[PDB]
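Chains as they are written, first to last, in the deposited numbering: chain B, 142 to 163, 182 to 202, 209 to 246, 254 to 483, 490 to 557; chain A, 434 to 518, 559 to 888.
This is how it looks when you write it as structure tokens:
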């Protein structure tokens, strides 16, 4: 129990993230280091440097809350669209600043909620989350074959993306509907920017009237019994995706894609896919829980493999050079990585069902990941 | 004509009405009507004669779609199949086998719902009238579409085209422009003097003169819009632009999380209005707009208004409308803000709801006893909110004085 729980509380990673078993200098250095590679491309590349200096002086200096919101929205509203990659990091660090000190309550949360509820900020953060993820973790995850096991709801748990935890949870505590709104937005952006590559147009997201219908259902749940037009279609598509998910011989790609949107639309608008008869007959909820635990654990092996291979692939501007992870082996690694992986597998295997149509989604990826990860820890 | 449609699948009435016009069963010599109203009416007696049955209600206050009876399909086939009578119905054989440009003259083209994008050859046919591409996965359309002087329809819902070419302004004749809101219209829209219905016009980050050009388009009956980027006095232009044309029969303005700086308190609406919808429930009017009076717009059959607060006299004023067949009034204060569910008090009047079958006071503290002496003579449906603490001094009653066939309530947690 504590044999590894103590170890995960001591090393450099695994603290910023939450494990299914259950720092100011670090980002200050990255802030300082951001301005180095900017000047090397001066040979149109000056506005980014101006923005970087503005953000650096904004974060480092002390500003009264009555002016900080204006300062942070001035820079954030200006950015619109190798050059492109440097631009995304400009706003990713920009809206990290809000969460950076809100945890210290340098800004009243009432003003923070007032800022976020603006239609611009919601879309901006929903877009920048998927862009930041695809910029860094997608390349590493593509090699392992865990590319299809990247879930929008599950992105907040990675250590880098810890500055969406507050933006979602505090918002949910204070303003219920906007949390589901930005969840819908972020999954729409994820499905549009290649995180879920599909040829057909998405029928659940990137459409204002769909969200309006979902919200109208949310506030008056007795609409599901006798819904009007434009909600027959949404329920029919839910049923079609559920049937695709529950299939046995269906292709893995499109089945996982259907599961992802089904999980999003059921988590953020609860009681939309819950059928009393069919779900009980086909063990719907248990299968969803099994697949969700499978996705969590797959992200866990992904992080473990990235850490073991690093001993930069966490991502550009992710971890600074001084605070990097050295290649040298350590005494505790042998006694605390194999056991950690084994306990993760044991915990996963105890509350995941087995079936002819589920073993390919829960058991088979777990065994494949175990085989891949047990043959490279010494090397 | 429906024999072209397959055996077992729903049929939308809008496509039938448009294609009948396009190929030529609709000709009006009166020049007092726009040959769209009569087409819809024609479909109305067609469904009236019990030959076809209705299914659903679309966003035009009419039947969404229909389905022909199975014993009538073979009947119409036997009547008019062997005699002389192109489209793709969920078939992938198109393109790789059949050649479309080979046909020298053809009246209508409809290939919606397919997964093929090879349309760049529209200049080979000129007698074409209907051009529908709903959900055909078409990336782009040819630049020389303007050659088709004869044109009535242009269907582009659910496609990947991101901007229309400017060579559609030259179209001397055009009736319906089914545009998705995401893609931007070309400028100079005012030259489309014969435009008849305009659906889901994307309207944001647009200069004022384009808005002014709309009012030259004096032939509308439905006008579905939205806006996200000019929440300022720019919309004051379209405020009076909508006032110029006098043939409105439906209208709705989608807009999210903001006060409606679109419709003014001193405005003259078209003398005819039926739908006047507001699909987005996150928006609100400051109060009940002053232009809703028994004097003007006395022909509403649909309200669907969300507003920040429902005053005690708001429902009193709403009850004075002559027809008001359907009524759905929301209460933004109760749901999105911590405000008590106040109970309305309708006292004056005698009839107060001549023909109001549907009434959906979502979030309103309306009570069945609050209607005095049959305030709603028919009221087939009713929704309201009833906090549990209201059990004192004969609040509810529910006298059943007005034969409410069904009726659904919402419970409240407190007390």
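No residue lacks a Cβ here, since even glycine has one placed at the ideal position from N, Cα and C.
Item	Value
Report the rounded CA-to-CA distance for residue 779 (chain A) versus residue 788 (chain A), giving the unit in angstroms.	13 angstroms
Which of the three DSSP states, helix, strand or coil, is assigned to residue 779 (chain A)?	coil
Should residue 374 (chain A) go down as buried or exposed, given a rule of 16 or more other Cβ atoms within 10 Å for buried?	Residue 374 (chain A) cannot be examined here, being either before or after the span of chain A that is shown, 434 to 888.
Express the C-alpha separation of residue 464 (chain B) and residue 346 (chain B) in angstroms, rounding to a whole number.	27 angstroms
Tell me the rounded alpha-carbon separation between residue 392 (chain B) and residue 514 (chain A).	50 angstroms
Residue 876 (chain A) and residue 848 (chain A) look like a contact to me (Cβ under 8 angstroms); what is the Cβ gap, rounded to whole Å?	At roughly 14 angstroms, the Cβ-Cβ gap does not stay under 8 angstroms, so residue 876 (chain A) and residue 848 (chain A) are not in contact.
What residues from chain A crowd round residue 291 (chain B), counting only those whose CB sits closer than 9 angstroms?	701, 729, 730 and 731
Could you work out which residues of chain A lie near residue 373 (chain B), taking near to mean beta carbons separated by less than 9 angstroms?	608, 610, 631, 632 and 633
Just by C-beta distance, which residues in the region 350-364 of chain B are closer than 8 angstroms to chain A?	none
Could you name the residues that DSSP lists as bridge partners for residue 146 (chain B)?	Its beta-bridge partners do not exist; DSSP assigns none.
So what does residue 605 (chain A) bridge to, in DSSP terms?	A:583 and A:628
Using a beta-carbon distance cut-off of less than 9 angstroms, what residues from the region 754-773 of chain A approach chain D?	Checking the listed chains, one finds no chain D in this structure; the protein chains it contains are B and A.
Throw me the rounded Cβ distance for the residue 307 (chain B) and residue 268 (chain B) pair, which I believe falls under 8 angstroms.	That pair is no contact at about 14 angstroms.
Take every Cβ of the region 756-773 of chain A, pair it with every Cβ of the region 385-401 of chain B, and state whether three or more of those distances are shorter than 8 angstroms.	no
Using only alpha-carbon positions, find the residue among B:548, B:186 and B:505 that is nearest to residue 331 (chain B).	B:186
Compare the beta carbon distance of residue 298 (chain B) and residue 754 (chain A) with 8 angstroms and say whether it is the shorter of the two.	no
Mapping the DSSP letters down to three states, classify residue 541 (chain A) as helix, strand or coil.	For chain A, the structure lists 518 followed at once by 559, and that leaves residue 541 (chain A) out of the model.
Would a C-beta distance cut-off of 8 angstroms place residue 704 (chain A) and residue 675 (chain A) closer than the cut-off?	no
Could you check if residue 431 (chain B) is buried or exposed, using at least 16 other CB atoms within 10 Å of its CB as the buried criterion?	buried
Tell me, which residues are paired with residue 659 (chain A) by DSSP?	Bridge partners of residue 659 (chain A): none, in fact.
Could you give the DSSP three-state label for residue 823 (chain A): helix, strand or coil?	coil
How is residue 309 (chain B) classed by DSSP in three states: helix, strand or coil?	helix
When you compare only the Cα positions, how much space is there between residue 599 (chain A) and residue 453 (chain A)?	18 angstroms
Taking the alpha-carbon of residue 701 (chain A) as reference, which of A:713, A:679, A:712 and A:728 has the nearest alpha-carbon?	A:728
Mapping DSSP to helix, strand and coil, what is residue 446 (chain A)?	helix
So within the region 399-427 of chain B, which uninterrupted alpha helix (DSSP H) runs reach at least 4 residues, ignoring any that extend past its ends?	404-418
CA-CA distance, residue 851 (chain A) and residue 845 (chain A)?	14 angstroms
Which residues in chain B have a C-beta closer than 7 angstroms to the C-beta of residue 491 (chain A)? List them in chain order.	401
By the 10 Å Cβ neighbour count, where 16 or more other Cβ atoms means buried, how is residue 471 (chain B) classified, buried or exposed?	buried
Any beta-carbon of chain A closer than 8 angstroms to the one on residue 387 (chain B)?	yes
Would you say residue 808 (chain A) lies against chain B (beta-carbon separation less than 8 angstroms)?	yes
Output yes if chain A places a C-beta closer than 8 angstroms to the C-beta of residue 396 (chain B); else output no.	no
Check residue 486 (chain A) in the structure and name its three-state DSSP category.	strand
Under 8 angstroms between the Cβ atoms of residue 681 (chain A) and residue 707 (chain A)?	yes
Quick check on residue 883 (chain A) - is its C-beta less than 8 angstroms from some C-beta in chain B?	yes
Are the region 440-450 of chain A and the region 493-512 of chain A touching, with three or more C-beta to C-beta distances below 8 angstroms?	yes
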